[PDB]
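Data block below; observations after.
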Amino acid sequence: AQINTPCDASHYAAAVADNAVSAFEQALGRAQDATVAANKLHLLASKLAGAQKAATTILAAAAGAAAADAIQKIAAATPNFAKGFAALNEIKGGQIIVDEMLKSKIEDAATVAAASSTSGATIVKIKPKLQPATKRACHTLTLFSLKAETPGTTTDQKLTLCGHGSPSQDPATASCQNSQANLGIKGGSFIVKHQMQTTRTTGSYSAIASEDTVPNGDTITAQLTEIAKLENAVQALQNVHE
Amino acid sequence: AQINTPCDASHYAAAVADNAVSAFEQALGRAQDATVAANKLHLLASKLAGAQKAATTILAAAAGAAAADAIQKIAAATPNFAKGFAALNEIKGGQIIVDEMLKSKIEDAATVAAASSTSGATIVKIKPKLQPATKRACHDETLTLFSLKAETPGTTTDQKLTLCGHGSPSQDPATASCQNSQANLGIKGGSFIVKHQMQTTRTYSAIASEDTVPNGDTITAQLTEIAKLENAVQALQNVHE
């Protein structure tokens, strides 16, 4: 559970989805094997003779009962399995978006003369910056959320009105000073990464406290309650035996 | 399609997922019917005599064979059904965030005297503002997708995402208008991100790569698997007794 970034949590959800689909396919394969065994055992028993023909028909009837019971259990487990699978992939996509959103920032503005800062093309604009991944994004459970960064409380601090005694100075390198002769903007990250934990199996998937972040805790909780249905359906699917 | 907001595309994809699960459950139920029919038909044919027995077992064997076929089809579609289902519910789960992040905005800063605007507690801070849904998000209390573009600041005075000058202190940009005066300083903020429409084609054409989040390559790779979802849905719709 080395979940340090939201992409790691999305890949962990991908691994859980892989194990769930593998369990479903194993149950379907056991049902197919029981049905094939029932058909072939019947067809072989038809050409046998005597008490061995009787024993072969008993085995064929047991195989057909096993096939019917397995298909019944799989059809019973299908709905909650699909529900939790859908909610799990929703959490995975939401973690993809929150991971690619963490690299957003407010670009720093170069200092300009104070007379040419509240008007004209030289206005000290606040410029958003989005940073999409270079190609393919994202390429005791832990999840993540987007929090608003708190702005700084002094001169040389993030998301503040930078001041300089000379114009054309970059906040990213030169430090800010208590001056109104030239005005600029010291930016910073627009969103910070908030951790969330949801420790899990009596017989239930924790409860993440609701916050003021995106996603809010109510949404993550509503998705976790369906993921619990998925894991219960997986425990039901594995319990079939052939 | 009637998709106008990013939150609506999630409900469209959810309806598509419900139709896919409906097709899956119908195929599994048809296999269940064939299996129970073969089982009970064999048990009845054992209780008969004469050609009426042979007439029944033949039919029972048919109910066996088709049953063995049905699972063989269903499992054969199960891989491709999942890879497209997951990505579908990925896209929906992404669209819930985009919509919920569309309300993000940079707050306005009340004007303050220039002498106390570049230092101390009285600095003009650029304060981020998130607006999460009061309860569950998106839950009250050719495709049409959406993505998050960057906002563009204005070019003059009294424009969005600019330094607001004013001749008097304690003025709020939401009510006061900015003026070319350096005596008092504040911030005229606005939305941090804008909506950006996205589209595909039913026959899935790779959407042009973006400068936005979600990236064009990511939504493209997910739309590639949604086609496998529809293929497995058709294969599940072509199995019957």
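The numbers here are math on the coordinates, done by the rules we state, and not lab data. Positions of Cβ are backbone-derived with ideal geometry, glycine not excepted, and every protein chain shown enters the neighbour counts.
Things to note:
- Among all positions in segment A:49-61, there is at least one residue which is part of a loop (DSSP other than H, G, I, E, B) and over 44 Å from the mean Cα position of the chain (by Cα).
- Selection within segment B:54-69 - aliphatic (A, V, I, L, M) and more than 9 Å from chain A (Cβ to nearest Cβ): B:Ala54, B:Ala55, B:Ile58, B:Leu59, B:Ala62, B:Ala63, B:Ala66
- Test: residue in segment A:127-136 that is crowded, with 23+ Cβ neighbours inside 10 Å and of a type in the set (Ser, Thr, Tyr): no
- Residue within segment B:212-228 that is surrounded by fewer than 17 Cβ atoms within 10 Å (Cβ to Cβ), in a loop (DSSP other than H, G, I, E, B) and more than 9 Å from every other protein chain (Cβ to nearest Cβ) present: no
- Filter result for the condition that a residue is among the small types (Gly, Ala, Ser), more than 10 Å from chain B (Cβ to nearest Cβ), assigned to a helix (DSSP H, G or I) and surrounded by fewer than 17 Cβ atoms within 10 Å (Cβ to Cβ), over A:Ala15, A:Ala9: A:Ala15
- Qualifying residue in segment A:187-199 (condition: exposed (fewer than 14 other Cβ atoms within 10 Å of the Cβ) and either charged (D, E, K, R) or not in a loop (DSSP other than H, G, I, E, B) (or both)): yes
- Looking only at residues of segment B:105-143 that are more than 9 Å from every other protein chain (Cβ to nearest Cβ) and among the charged types (D, E, K, R), we find that the one that is farthest from B:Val194 (Cα to Cα) is B:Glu141.
- Residue, nearest to the other protein chains (Cβ to nearest Cβ), within segment A:144-191, restricted to residues that are within 37 Å of the chain's Cα centre (by Cα) and among the acidic types (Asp, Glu): A:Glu149
- Residue check, A:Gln32 at the interface with another protein chain (Cβ under 8 Å from one of its Cβ atoms) and of a type outside the set (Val, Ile, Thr): yes
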